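# Close look at the chain arrangement
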Amino acid sequence: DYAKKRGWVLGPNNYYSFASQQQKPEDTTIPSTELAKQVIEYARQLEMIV
Amino acid sequence: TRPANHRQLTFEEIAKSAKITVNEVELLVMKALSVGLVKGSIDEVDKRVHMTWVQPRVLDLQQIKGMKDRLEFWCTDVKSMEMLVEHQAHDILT
Amino acid sequence: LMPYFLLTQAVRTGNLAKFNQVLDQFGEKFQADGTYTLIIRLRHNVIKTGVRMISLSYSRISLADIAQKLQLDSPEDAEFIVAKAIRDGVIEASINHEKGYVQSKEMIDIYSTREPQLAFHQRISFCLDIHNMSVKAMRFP
Amino acid sequence: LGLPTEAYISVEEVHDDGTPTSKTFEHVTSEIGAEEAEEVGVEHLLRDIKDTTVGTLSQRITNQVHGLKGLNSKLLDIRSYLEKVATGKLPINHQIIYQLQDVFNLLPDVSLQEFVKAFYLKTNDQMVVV
């Protein structure tokens, strides 16, 4: 029953199936589109008060 | 041939393609560097050559049609950024 | 001091009998305060603190040892309780389900990659908000 | 987009491995100058319309936009040549152009896990600003 949907093998003693390993994959160095937003916003509230 | 991302050549591919024994590949590469055809640098202990380059080669019309699209992406990208900044900050720059 | 100090003192130590003694003594006061959750859960969640201490000190330990360190008398239920603790998020360790091996997470990677500036953004929001609030309500007449 | 003037000088060339030598121009870099008692008249004429000498985020920010305009202009102008040569409307200037545009596509950079470790500079700007 578990074998039909869950991973591993049904009593094998050497389970083979899909893995539940998780990797962050945060290599990307480009939050540039939003971080630029933030900076422009700071410039926005340094001005427009008169 | 290789797509810039993988510009590191293992010794074994060189030896296989030039039909020479492994112990000699170093000297081959060194000769090239000294004449000035290519200008990478080598690490013998991982046994990889890391190549950056300066020499062009002759190119036919099919490659030209090809690289036109690679160039074409760049202009859409630039225009997207200038539009983002104009909209986000017309308040200040006016 | 009279009830709560005797409690936390019993809790850090492993004396269950003294815990029962204090409970018997001051249950009336505890119910009078309307905070009688302690017997409900505190009595049966003591082992969490022991697991936390183990997390803070050691970094690679054989689970066959925690049993003698936390008087569980068996390794398997120790595996169960540690697994439950990690799922609950009290500790982020990992287990080698092969040879009684419990290992801590990776070392703290670095304290200056994208986690810092996330805080300075909040502090700017605060500071600029305060300055605007201050300047607005100045000199009504 | 930019400057009003161009300057050119005439020189012959080796031209190739072997095709006839000829005479054509080459570009030389150009700049606009000033001198005492010519700038004073200019500054007087331009008094009505003026801009901030340095600017405080109202002049630096505009500059970046202007720069992006210019860059995109050049990149679009490359098409009008390279596309029509791909149509075969005009002959290939194999000798020069393609070698330079191989160099170009070689020279960009990449975000390669080592460069992003120079993340540790953004945060040190912020803990002096914010």
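Shown numbers run from 1 along every chain as its sequence is written, which may differ from how the entry numbers residues; residues without coordinates are omitted from display. All chains are assigned letters beginning with A, and all ligands numbers beginning with 1, in the order in which they are written. In this entry, the chains presented are a subset of a larger assembly, and the associated values cover only that subset. For side-chain calculations, the full set of non-hydrogen atoms in the structure is used, while hydrogens and water are omitted. Residues with missing side-chain atoms are left out of burial classes, side-chain pairs and their counts.

The PDB entry lists chain D under the name 26S proteasome non-ATPase regulatory subunit 7, from Homo sapiens.

In the nomenclature of the PDB entry, chain B corresponds to 26S proteasome non-ATPase regulatory subunit 13 from the organism Homo sapiens.

Attention shifts here to the overall build of chain B. To qualify as a helix, a DSSP run of H or I must reach at least 4 residues; to qualify as a strand, a run of E must reach at least 2; elements of each kind are numbered from the N terminus. When you go through chain B residue by residue, the secondary structure sums to 3 helices and 3 strands. Reading the helices (α) and strands (β) of chain B from amino to carboxyl end gives β-α-α-β-β-α. In this setup the radius of gyration rests on C-alpha atoms only. A globule is expected at 2.2 Å times the number of residues raised to 0.38. A globule of 94 residues ought to have a C-alpha radius of gyration of about 12 Å, yet chain B, at 21 Å, is considerably larger. When the backbone C-alpha atoms are referred to their principal axes, chain B occupies close to 65 × 35 × 25 Å. When accessible area is computed with a 1.4 Å probe and restricted to protein chains, residues below 20% of their type maximum are described as buried, those above 50% as exposed, and intermediate ones as partly exposed. Split into buried and exposed, the 94 residues of chain B put 16% on the buried side. Within chain B, residue pairs in contact and separated by at least 24 positions form 29% of the contacts whose partners lie at least 6 positions apart. Accessible surface for chain B amounts to roughly 7400 Å². Of this, 56% is attributable to carbon and sulfur atoms. For chain B, the centre of its 13 positive side-chain charges and the centre of its 14 negative side-chain charges are spaced 8 Å apart. In what follows, a contact means two residues having at least one pair of non-hydrogen atoms within 4.5 Å. Surface accessibility follows the Shrake-Rupley procedure with a 1.4 Å probe radius. Residue values consider only the protein chains on display as shielding. Positive charges come from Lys and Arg alone, negative charges from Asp and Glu alone, with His and the N- and C-terminal ends not counted. Where a charge sits is defined by one atom per residue type, namely NZ (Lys), CZ (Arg), CG (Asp) or CD (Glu).

Further remarks concern the pattern of salt bridges. For side chains bearing opposite charge, pairing can occur when the charged atoms are close. Salt bridges are defined by distance alone: a side-chain nitrogen of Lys or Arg within 4 Å of a carboxyl oxygen of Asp or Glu. Taken as a whole, this structure holds 8 salt bridges over all chains when the rule is applied. A salt bridge links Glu43 of chain D to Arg47 of chain D; its shortest N-O distance comes to 3.6 Å. Of the residues examined, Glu43 of chain D reaches a relative accessible area of 44% and is grouped as partly exposed. Residues joined by salt bridges that share partners form a network here, namely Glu82 and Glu86 of chain B together with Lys69 of chain D.

Moving on, we come to the interface of chain B and chain D. Between chain B and chain D, the residue contacts involve 23 residues of the former and 22 residues of the latter. Between chain B and chain D lies a buried interface of about 2300 Å² when both sides are counted; carbon and sulfur atoms form 73% of it. If you look at where chain B meets chain D, you find 3 salt bridges. Side-chain atoms alone can form a polar contact between residues adjacent in sequence; in general such a contact is a pair of N or O atoms within 3.5 Å, and within protein one must be able to donate a hydrogen while the other accepts it. Across the chain B-chain D interface, the total number found is 4 residue pairs in polar contact. Polar here means any residue outside two lists: the nonpolar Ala, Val, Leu, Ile, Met, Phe, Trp, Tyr, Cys and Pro, and the charged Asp, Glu, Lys and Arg; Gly therefore counts as polar. When grouped by side-chain class, the residues that make up the side of chain B that touches chain D number 15 nonpolar, no polar and 8 charged. Once two parts are brought into contact, the accessible area they lose, counted with a 1.4 Å probe and summed over both, makes up the buried area.

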